[PDB]
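Chains as they are written, first to last, in the authors' numbering: chain A, 1 to 9, 11 to 27, 27A to 27B, 28 to 66, 66A to 66B, 67 to 106, 106A, 107 to 168, 170 to 200, 203 to 214; chain B, 1 to 9, 11 to 27, 27A to 27B, 28 to 66, 66A to 66B, 67 to 106, 106A, 107 to 168, 170 to 200, 203 to 214.
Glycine included, C-beta positions come from ideal geometry on N, C-alpha and C.
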Ligand SMILES: Cc1c(CN2CCOCC2)c(=O)oc2cc(OC[C@@H](C)c3ccccc3)ccc12
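Structural data, given as structure tokens:
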């Protein structure tokens, strides 16, 4: 079947308009209806759009669904942004019994100034190595909003095996920190020329690389 | 409109059976298909039941959906309860005028065993020292329950400045992870013999120590 591709995050100040795209991988966006669901943090989801642009009763007309056949995409547009619009937004369609969801888009209504993350990539420590561990840590500090995406590369190939990322937490400077760790064996860590941590925040992606050496 | 009413919370111990009910307020439960979604906190949800009782590929056969017309309810029944089943569960049906979700049910799996944290201390990266920074990270993974206290030492004396610890977050092994980082100048780092990270969990302390390495 097809995928539905949503940006990981979006942000704006109160009173502004924000748009969340939902691109269909293969086939025609207009072949099947698209729904949008809102989840506020610590809340149950609710439908804000069904059948591309239908608004259920109780959902203000600040929320608007559209289809662009040229780009093969759905969009949810929210005008007059209010703090309660801060939530995760998922688009959803079908082909046959195949329900297809997007990955979700975290919408932040800016409570403070944007801050790009400090990203530090650490190669394995001597002590963990002699315990037969080559865990790498990617430390991500001092960012707002609190939404990041982390991907790892062995040389050039995406890694999915062994990646863990913490949920961003508010630190004493009122900015967010989190860590991504890749649990490698020594044999894996040494069997490559370099590893990489790619951090995406506010659509902007930074990339750090470490290589094996001996000191 | 109609509403789907779920319990707020249920608790049960491993290997036992738990049942979550989803009562339709008006209309017959069987007029429309019920879905069940599982959400681990900080994650996108996954479909665990569709069409009242159909399990997607990769959902364990311990998850069973049912309909009871007389009590106008849907139920999700989890057999052989495991710790990874700790999550929020949401039912969902159709209004033709809407997609409606229940308020969701937090499933607590009682009697999870203690797990001591795995602790890995990383000295400053080379590249970071070239950019005039000397952050140390202490990775704390695989611990239950999800509370730790971290103290840092410069040589043998307490470090009272530049320490941050992330809020522990449940990872895919259903154990917690967190990082403590110490923001030092290159000067502070080279002026000491060593720095230590001391992690206390359930009364047991684990201490790790790194030193400026020479090549
Ligand atoms: C992506 C996805 C899947 C597919 N998974 C992906 C990973 O591999 C297993 C299948 C999937 O099976 O189900 C998904 C359901 C999604 O959202 C449902 C919405 C209405 C909801 C439910 C509960 C709380 C908040 C929101 C969103 C995404 C999914």
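Is the Cβ-Cβ distance between residue 33(B) and residue 88(B) less than 8 Å?
-> The residue labelled residue 33(B) in the question sits at position 34 within the second chain. The residue labelled residue 88(B) in the question sits at position 91 within the second chain. For residue 33(B) and residue 88(B), yes; Cβs fall inside 8 Å.
Give me the Cα-Cα distance between residue 186(A) and residue 9(B), rounded to the nearest whole angstrom.
-> For the purposes of this step, residue 186(A) is taken as residue 189 along the first chain, with counting starting at 1. For the purposes of this step, residue 9(B) is taken as residue 9 along the second chain, with counting starting at 1. One C-alpha to the other measures close to 44 Å.
Of all Cβ atoms in chain A, is any one closer than 8 Å to the Cβ of residue 174(B)?
-> Here residue 174(B) corresponds to residue number 177 of the second chain, with the count starting at 1. Yes, contact with chain A.
Using a Cβ-Cβ cut-off of 7 Å (strictly less than) and excluding sequence neighbours within five positions of residue 82(B), which residues of its own chain qualify?
-> Taking the second chain and counting its residues from 1, one reaches residue 82(B) at position 85. These residues qualify, in order along the chain: 75, 104, 106.
Hey, does residue 7(A) have any beta-carbon neighbour from chain B nearer than 8 Å?
-> Residue 7(A) sits at position 7 when you count from the first residue of the first chain. For residue 7(A), the answer is no, since every Cβ of chain B falls outside 8 Å of its Cβ.
Chain A contact for residue 104(B) (CB, 8 Å cutoff) = Taking the first residue of the second chain as 1, we reach residue 104(B) at position 107. Chain A, which has no Cβ nearer than 8 Å to the Cβ of residue 104(B), makes this no.
Taking the Cβ atom as the reference point for each residue, do residue 77(B) and residue 14(B) lie within a distance shorter than 8 Å?
-> Your numbering for residue 77(B) matches position 80 in the second chain. Your numbering for residue 14(B) matches position 13 in the second chain. The answer is no: Cβ separation not under 8 Å.
Give the C-beta separation of residue 118(B) and residue 118(A) to the nearest angstrom, bearing in mind that I take them to be a contact with Cβ-Cβ under 8 Å.
-> Within the second chain, the letter at position 122 stands for residue 118(B). Within the first chain, the letter at position 122 stands for residue 118(A). Between residue 118(A) and residue 118(B) the Cβ distance is about 4 Å, and since that is below 8 Å, they are a contact.
Identified DSSP bridge partners for residue 148(B) | Residue 148(B) sits at position 152 when you count from the first residue of the second chain. Looking at the DSSP assignment, residue 148(B) forms a beta bridge with 194(B).
For residue 80(B), the three-state DSSP class (helix, strand or coil) | Translated into positions along the second chain, residue 80(B) becomes position 83. If DSSP states are grouped into helix, strand and coil, residue 80(B) belongs with the helices.
Kindly provide the chain-ordered list of residues whose Cβ lies closer than 5 Å to any non-hydrogen atom of ligand 1.
-> 36(A), 38(A), 44(A), 87(A), 98(A), 36(B), 38(B), 43(B), 44(B), 45(B), 46(B), 87(B)
Name the one or two DSSP bridge partners that residue 37(B) has.
-> Residue numbering aside, residue 37(B) sits at position 38 when the second chain is read from its first letter. Beta-bridge pairing links residue 37(B) to 45(B), 86(B).
Reference residue 17(A); option with closest CA among 47(A), 3(A), 79(A) = For the purposes of this step, residue 17(A) is identified with residue 16 of the first chain, where counting begins at 1. Nearest C-alpha to residue 17(A): 79(A).
Which residue comes first and which comes last in the alpha helix (DSSP H) that contains residue 183(A)?
-> Working through the first chain from its first residue, we reach residue 183(A) at position 186. Counting along the chain, the alpha helix (DSSP H) containing residue 183(A) begins and ends at 183-187.
Going by C-alpha distance, which of 188(A), 181(A), 54(A), 68(A) is nearest residue 125(A)?
-> Locating residue 125(A) in the first chain gives position 129, counting from the first residue. Nearest C-alpha to residue 125(A): 181(A).
Mapping DSSP to helix, strand and coil, what is residue 124(B)?
-> On the second chain, position 128 is the one that residue 124(B) refers to. It is helical.
Locate the beta strand (DSSP E) running through residue 160(A), then write down its first and last residues.
-> To locate residue 160(A), count along the first chain from 1; it is residue 164. 159-161 is the span of the beta strand (DSSP E), which, as asked, contains residue 160(A).
Is the Cβ of residue 184(B) closer than 8 Å to any Cβ of chain A?
-> In the second chain, the residue the question calls residue 184(B) occupies position 187. Cβ-Cβ to chain A under 8 Å: no for residue 184(B).
Less than 8 Å between the CB atoms is what I'm expecting for residue 37(B) and residue 47(B), so what's the real figure, rounded?
-> Working through the second chain from its first residue, we reach residue 37(B) at position 38. Working through the second chain from its first residue, we reach residue 47(B) at position 48. Sure, about 5 Å apart at Cβ, within 8 Å.
So who's on the other strand from residue 24(B), going by DSSP bridges?
-> Reading the second chain from its first residue, position 23 is the one you call residue 24(B). Beta-bridge pairing links residue 24(B) to 5(B), 70(B).
Rounded C-beta distance between residue 131(A) and residue 116(B)? I'm assuming under 8 Å.
-> Working through the first chain from its first residue, we reach residue 131(A) at position 135. Working through the second chain from its first residue, we reach residue 116(B) at position 120. 6 Å between Cβ atoms; contact.
Starting from the Cα of residue 152(A), find the closest Cα among 165(A), 176(A), 209(A), 52(A) and give me that residue.
-> Reading the first chain from its first residue, position 156 is the one you call residue 152(A). Of 165(A), 176(A), 209(A), 52(A), the residue nearest in Cα terms is 209(A).
Got a sec, what are the start and stop residues for the beta strand (DSSP E) residue 60(B) sits in?
-> In the second chain, residue 60(B) corresponds to position 61, counting from 1. From DSSP, residue 60(B) is part of no beta strand (DSSP E); its letter is neither H nor E.
Give the range of the beta strand (DSSP E) segment to which residue 133(B) is assigned.
-> On the second chain, position 137 is the one that residue 133(B) refers to. From DSSP, the beta strand (DSSP E) with residue 133(B) extends over 132-139.
What span of residues does the beta strand (DSSP E) with residue 206(A) cover, start to end?
-> By 1-based counting over the first chain, the position of residue 206(A) is 207. It spans 203-209 - the beta strand (DSSP E) in which residue 206(A) sits, taken as one unbroken run.
First and last residue of the beta strand (DSSP E) that includes residue 102(B)?
-> Taking the first residue of the second chain as 1, we reach residue 102(B) at position 105. Here the beta strand (DSSP E) through residue 102(B) covers 102-106.
What residues from the segment 29-40 of chain A come within 8 Å of chain B, judged by C-beta to C-beta, listed N to C?
-> 34, 36
So which residues of chain A does residue 27A(B) contact, with C-beta pairs closer than 9 Å?
-> As a position in the second chain, residue 27A(B) is number 27, starting the count at 1. Chain A residues near residue 27A(B): none, gap ~16 Å exceeds 9 Å.
How far does the beta strand (DSSP E) with residue 178(B) in it reach, from first residue to last?
-> Along the second chain, read from residue 1 onward, the residue named residue 178(B) stands at position 181. First-last of the beta strand (DSSP E) with residue 178(B): 173-179.
Indicate the three-state DSSP secondary structure (helix, strand or coil) for residue 14(B) in the structure shown.
-> For the purposes of this step, residue 14(B) is taken as residue 13 along the second chain, with counting starting at 1. Residue 14(B) falls in the coil class under three-state DSSP.
Per DSSP, residue 154(A) forms a beta bridge with which residues?
-> Here residue 154(A) refers to the residue found at position 158 of the first chain. In DSSP, residue 154(A) forms a bridge with 149(A).
Taking just the CA atoms, how far does residue 93(A) sit from residue 29(B)?
-> If you number the second chain from 1, residue 29(B) lands on position 30. If you number the first chain from 1, residue 93(A) lands on position 96. Roughly 21 Å separates the two Cα atoms.
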